[PDB]
Structure formats: C-alpha cells, structure tokens
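Colleague: My questions all concern the structure below.
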Amino acid sequence: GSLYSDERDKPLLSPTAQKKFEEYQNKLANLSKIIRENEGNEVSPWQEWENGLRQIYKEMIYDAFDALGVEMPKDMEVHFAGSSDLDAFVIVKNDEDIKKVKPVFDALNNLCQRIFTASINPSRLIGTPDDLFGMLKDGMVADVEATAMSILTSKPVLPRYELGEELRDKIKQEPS
C-alpha cells in the first residue's frame, strides 16, 4: 500500500507510507486542537482553520511532486474555491503542463480521501485560464454562476496569482 494509492484498492499502507500518513494526520490533529483550545483568544477561529489547512495542503503538494519525480511548473497555481463547491483548482500556463501535473493531483486526491476516512477539499478542475473560463462560458459545470463566483473569491494555496488574475478578469468581463 503506497501513500498515494486508492484506499479501497490498498487499505493498509506500507510501513514508510504509514509514517508519512501519520505525520500529516498529526499536523491536522494539532492544528484542530490548538485552534479549538484557544478559541476564546482567537478573533476568527474558522479563518485560522482554513489558513492552516491551506498551508498543510501546500506542503502535501510539494511532497507529492517530489515523491512522483515530477518537476512542478514555475507558473502553476493552486487556488481554493469555497468554504460541494469547485474546491481546489489548478491553473496551469500551457495545456501541455496538464499531462504531467494532473497525475500528481490525482495522487493527492487519493491521499486526501484516505485522510478523510481515518478521521481538505479534493482538486477537481485543472486548466489554463482560457480552459476554465470556457467551461463556464459553455455550461460544462454544475451551477455556473456560483462556480464563477467561487473562483472570484478563491484564496491562493501557492504564492502565485498572475493566472488567477487572468481567470478572474475574464470572469469579471462577462455579465452573467
């Protein structure tokens, strides 16, 4: 059972996958614990929880690129839509990048499913700003206006914004 296998296919992790699994579980448990315990001295505990989850997921993303031996493209972005919703969405610069990046997020999706069971949003969409705008323009998505809105109000997981702004500016330009 490797770290990024489907739970239903490989229910037990190998010894090494298990240690890494437990390391993520423990960051999650600790994050949850500290937020709840300090709730009386925290202004916005749910925002703190979200912000911590974005950091853990960012870490998990770097870890998955490394474990799969894939170089993360430098212009690639990951944004969180929502609070289902559109969830994490991956914006690449070129459509060529999708082939190499998509299997890494699929791998992460599997690991996130496992973590859910043992107790973060899945990544659902991946594309260029053009691609994703087009899926909204052409009605390929359940609940277009609310998907659109969630993109407008998404928060960045990686410290990259340029493509995200192209997508938002494209959305903003279309009236409904």
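Lettering and numbering for the structure tokens are positional, with chains as A, B, ... in the shown order, residues counted from 1 in each chain, and ligands counted from 1 in the shown order.
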Write out as an mmCIF file with C-alpha atoms, in the first residue's frame each polymer residue whose atoms come within 9 Å of stretch 118-123 of chain A, counting only C-alpha atoms; drop sequence neighbours fewer than 2 positions from it.
Modeller:
```cif
data_model
loop_
_atom_site.group_PDB
_atom_site.id
_atom_site.type_symbol
_atom_site.label_atom_id
_atom_site.label_comp_id
_atom_site.auth_asym_id
_atom_site.auth_seq_id
_atom_site.Cartn_x
_atom_site.Cartn_y
_atom_site.Cartn_z
ATOM 1 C CA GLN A 25 -2.684 13.312 10.441
ATOM 2 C CA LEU A 53 -5.367 23.784 6.030
ATOM 3 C CA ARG A 54 -4.003 25.781 3.049
ATOM 4 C CA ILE A 56 -0.781 21.731 5.141
ATOM 5 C CA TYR A 57 -2.139 21.199 1.592
ATOM 6 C CA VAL A 78 -3.452 26.212 -6.986
ATOM 7 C CA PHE A 80 -9.189 27.148 -3.086
ATOM 8 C CA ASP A 85 -18.019 23.626 -4.421
ATOM 9 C CA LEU A 86 -15.302 23.854 -7.071
ATOM 10 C CA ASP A 87 -12.780 23.091 -4.225
ATOM 11 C CA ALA A 88 -9.075 23.242 -5.186
ATOM 12 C CA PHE A 89 -8.440 24.174 -8.763
ATOM 13 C CA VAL A 90 -5.139 24.032 -10.577
ATOM 14 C CA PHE A 105 -3.155 15.885 -8.075
ATOM 15 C CA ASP A 106 -4.947 12.672 -8.742
ATOM 16 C CA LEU A 108 -3.122 13.758 -3.836
ATOM 17 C CA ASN A 109 -6.876 13.235 -4.256
ATOM 18 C CA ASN A 110 -6.397 9.616 -3.260
ATOM 19 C CA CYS A 112 -6.950 13.150 0.868
ATOM 20 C CA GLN A 113 -9.710 10.543 0.557
ATOM 21 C CA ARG A 114 -7.707 8.242 2.887
ATOM 22 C CA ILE A 115 -7.209 11.032 5.395
ATOM 23 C CA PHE A 116 -10.982 11.747 5.338
ATOM 24 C CA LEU A 125 -10.547 21.249 -12.159
ATOM 25 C CA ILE A 126 -7.238 21.834 -13.884
#
```
Colleague: Find the spatial neighbours of residue A:31, counting only C-alpha atoms, within a cut-off of 8 Å - ignore same-chain residues fewer than 4 positions away - and output them as a list in words.
Modeller: residues 27, 35, 49 and 52 of chain A
Colleague: Write out, as a JSON list (two decimals), in the first residue's frame, the residues just selected, with N, CA, C and O atoms.
Modeller:
```json
[["chain", "number", "residue", "atom", "x", "y", "z"],
["A", 27, "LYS", "N", -0.23, 16.69, 11.95],
["A", 27, "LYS", "CA", -0.28, 18.15, 11.77],
["A", 27, "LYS", "C", -1.76, 18.59, 11.79],
["A", 27, "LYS", "O", -2.08, 19.61, 12.38],
["A", 35, "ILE", "N", -6.47, 25.30, 17.63],
["A", 35, "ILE", "CA", -7.49, 26.30, 17.29],
["A", 35, "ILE", "C", -8.65, 26.25, 18.30],
["A", 35, "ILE", "O", -9.08, 27.29, 18.79],
["A", 49, "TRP", "N", -8.43, 28.08, 10.91],
["A", 49, "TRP", "CA", -8.50, 26.68, 10.48],
["A", 49, "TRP", "C", -8.28, 26.61, 8.98],
["A", 49, "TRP", "O", -7.42, 25.86, 8.53],
["A", 52, "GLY", "N", -4.62, 27.40, 8.14],
["A", 52, "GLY", "CA", -3.78, 26.25, 8.43],
["A", 52, "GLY", "C", -3.91, 25.07, 7.45],
["A", 52, "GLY", "O", -2.92, 24.42, 7.10]]
```
Colleague: Find the residues near stretch 139-148 of chain A: any atom within 10 Å, counting only C-alpha atoms, skip ones fewer than 2 places away on the same chain, and give them as a PyMOL selection string.
Modeller: chain A and resi 81-82+85-87+132-137+150-154+167-168+171-172+176
Colleague: Selected residues, N, CA and C atoms, written as a PDB file, in the first residue's frame, please.
Modeller:
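Wrote it out as selection_39.pdb, contents follow:
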```pdb
ATOM      1  N   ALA A  81     -11.403  27.343  -3.989  1.00  0.00           N
ATOM      2  CA  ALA A  81     -12.744  27.858  -4.096  1.00  0.00           C
ATOM      3  C   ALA A  81     -13.601  27.275  -2.969  1.00  0.00           C
ATOM      4  N   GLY A  82     -14.397  28.131  -2.311  1.00  0.00           N
ATOM      5  CA  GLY A  82     -15.432  27.663  -1.349  1.00  0.00           C
ATOM      6  C   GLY A  82     -15.081  27.730   0.139  1.00  0.00           C
ATOM      7  N   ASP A  85     -18.409  22.471  -3.610  1.00  0.00           N
ATOM      8  CA  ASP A  85     -18.019  23.626  -4.421  1.00  0.00           C
ATOM      9  C   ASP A  85     -16.974  23.135  -5.397  1.00  0.00           C
ATOM     10  N   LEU A  86     -16.427  24.078  -6.165  1.00  0.00           N
ATOM     11  CA  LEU A  86     -15.302  23.854  -7.071  1.00  0.00           C
ATOM     12  C   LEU A  86     -14.004  23.373  -6.339  1.00  0.00           C
ATOM     13  N   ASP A  87     -13.866  23.655  -5.036  1.00  0.00           N
ATOM     14  CA  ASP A  87     -12.780  23.091  -4.225  1.00  0.00           C
ATOM     15  C   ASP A  87     -11.411  23.571  -4.723  1.00  0.00           C
ATOM     16  N   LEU A 132     -10.694  27.223 -18.275  1.00  0.00           N
ATOM     17  CA  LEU A 132     -11.608  27.169 -17.171  1.00  0.00           C
ATOM     18  C   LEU A 132     -12.733  28.186 -17.456  1.00  0.00           C
ATOM     19  N   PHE A 133     -12.369  29.401 -17.881  1.00  0.00           N
ATOM     20  CA  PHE A 133     -13.369  30.375 -18.340  1.00  0.00           C
ATOM     21  C   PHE A 133     -14.325  29.756 -19.367  1.00  0.00           C
ATOM     22  N   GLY A 134     -13.779  29.008 -20.321  1.00  0.00           N
ATOM     23  CA  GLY A 134     -14.589  28.362 -21.354  1.00  0.00           C
ATOM     24  C   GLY A 134     -15.600  27.348 -20.827  1.00  0.00           C
ATOM     25  N   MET A 135     -15.231  26.626 -19.772  1.00  0.00           N
ATOM     26  CA  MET A 135     -16.128  25.636 -19.199  1.00  0.00           C
ATOM     27  C   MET A 135     -17.324  26.331 -18.565  1.00  0.00           C
ATOM     28  N   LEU A 136     -17.100  27.545 -18.065  1.00  0.00           N
ATOM     29  CA  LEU A 136     -18.182  28.379 -17.542  1.00  0.00           C
ATOM     30  C   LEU A 136     -18.994  29.004 -18.676  1.00  0.00           C
ATOM     31  N   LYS A 137     -18.308  29.577 -19.665  1.00  0.00           N
ATOM     32  CA  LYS A 137     -18.957  30.181 -20.828  1.00  0.00           C
ATOM     33  C   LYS A 137     -19.836  29.154 -21.567  1.00  0.00           C
ATOM     34  N   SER A 150     -17.305  31.608  -6.911  1.00  0.00           N
ATOM     35  CA  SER A 150     -16.351  30.980  -6.015  1.00  0.00           C
ATOM     36  C   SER A 150     -14.904  31.157  -6.499  1.00  0.00           C
ATOM     37  N   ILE A 151     -14.741  31.263  -7.815  1.00  0.00           N
ATOM     38  CA  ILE A 151     -13.445  31.478  -8.381  1.00  0.00           C
ATOM     39  C   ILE A 151     -13.064  32.912  -8.070  1.00  0.00           C
ATOM     40  N   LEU A 152     -14.015  33.827  -8.235  1.00  0.00           N
ATOM     41  CA  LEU A 152     -13.778  35.226  -7.946  1.00  0.00           C
ATOM     42  C   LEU A 152     -13.313  35.437  -6.513  1.00  0.00           C
ATOM     43  N   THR A 153     -13.809  34.625  -5.588  1.00  0.00           N
ATOM     44  CA  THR A 153     -13.490  34.812  -4.200  1.00  0.00           C
ATOM     45  C   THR A 153     -12.583  33.716  -3.668  1.00  0.00           C
ATOM     46  N   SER A 154     -11.844  33.026  -4.543  1.00  0.00           N
ATOM     47  CA  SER A 154     -10.958  31.959  -4.116  1.00  0.00           C
ATOM     48  C   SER A 154      -9.751  32.532  -3.386  1.00  0.00           C
ATOM     49  N   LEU A 167      -7.887  34.691 -15.010  1.00  0.00           N
ATOM     50  CA  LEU A 167      -9.163  33.996 -14.954  1.00  0.00           C
ATOM     51  C   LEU A 167     -10.233  34.931 -14.359  1.00  0.00           C
ATOM     52  N   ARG A 168      -9.927  35.599 -13.249  1.00  0.00           N
ATOM     53  CA  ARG A 168     -10.896  36.481 -12.578  1.00  0.00           C
ATOM     54  C   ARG A 168     -11.291  37.669 -13.461  1.00  0.00           C
ATOM     55  N   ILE A 171     -13.634  36.355 -16.054  1.00  0.00           N
ATOM     56  CA  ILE A 171     -14.949  36.242 -15.463  1.00  0.00           C
ATOM     57  C   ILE A 171     -15.580  37.610 -15.315  1.00  0.00           C
ATOM     58  N   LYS A 172     -14.904  38.529 -14.623  1.00  0.00           N
ATOM     59  CA  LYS A 172     -15.436  39.883 -14.379  1.00  0.00           C
ATOM     60  C   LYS A 172     -15.991  40.559 -15.642  1.00  0.00           C
ATOM     61  N   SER A 176     -23.299  37.820 -16.923  1.00  0.00           N
ATOM     62  CA  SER A 176     -23.918  36.679 -16.228  1.00  0.00           C
ATOM     63  C   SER A 176     -23.702  35.399 -17.033  1.00  0.00           C
TER      64      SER A 176
END
```
Colleague: Quote the spacing between atom CA of residue A:130 and atom CA of residue A:107 in Å to one decimal place.
Modeller: 24.9 Å
Colleague: Just to confirm, what's the straight-line distance from atom CA of residue A:39 to atom CA of residue A:61 in Å (one decimal)?
Modeller: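 These two atoms are separated by 28.6 Å.
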Colleague: Going by DSSP on the backbone, which residues of stretch 74-145 of chain A come out as strand (DSSP E or B)? List them as an MDAnalysis selection string.
Modeller: chainID A and resid 77:81 87:91 123:127
Colleague: Include C-alpha atoms and write out the residues we just selected as a tab-separated table (two decimals), in the first residue's frame.
Modeller:
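What follows is the written file part_18.tsv:
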```
chain	number	residue	atom	x	y	z
A	77	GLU	CA	-1.12	27.93	-9.43
A	78	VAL	CA	-3.45	26.21	-6.99
A	79	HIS	CA	-6.44	28.15	-5.58
A	80	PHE	CA	-9.19	27.15	-3.09
A	81	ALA	CA	-12.74	27.86	-4.10
A	87	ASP	CA	-12.78	23.09	-4.23
A	88	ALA	CA	-9.08	23.24	-5.19
A	89	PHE	CA	-8.44	24.17	-8.76
A	90	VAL	CA	-5.14	24.03	-10.58
A	91	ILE	CA	-4.30	26.69	-13.11
A	123	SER	CA	-8.74	19.06	-6.59
A	124	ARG	CA	-11.47	18.93	-9.23
A	125	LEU	CA	-10.55	21.25	-12.16
A	126	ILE	CA	-7.24	21.83	-13.88
A	127	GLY	CA	-6.55	24.12	-16.79
```
Colleague: Using only C-alpha atoms, can you tell me which of A:92, A:104, A:28, A:98 comes closest to residue A:65?
Modeller: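 Using only C-alpha atoms, the shortest distance to residue A:65 belongs to A:104.
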Colleague: Can you list, as a ChimeraX atom specification, all residues belonging to stretch 81-125 of chain A that DSSP tags as helix (DSSP H, G or I)?
Modeller: /A:96-118
Colleague: State, in Å with one decimal place, the distance from atom CA of residue A:38 to atom CA of residue A:51.
Modeller: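 Distance reported for this atom pair: 15.5 Å.
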Colleague: From the set A:13, A:29, A:163, A:3, which residue has the shortest atom-to-atom contact distance to residue A:67, counting only C-alpha atoms?
Modeller: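 Residue with the minimum atom-to-atom distance to residue A:67: A:3.
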Colleague: Counting only C-alpha atoms, which residue out of A:157, A:84, A:165, A:117 sits closest to residue A:6?
Modeller: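 Looking only at the distances to residue A:6, the closest residue turns out to be A:117.
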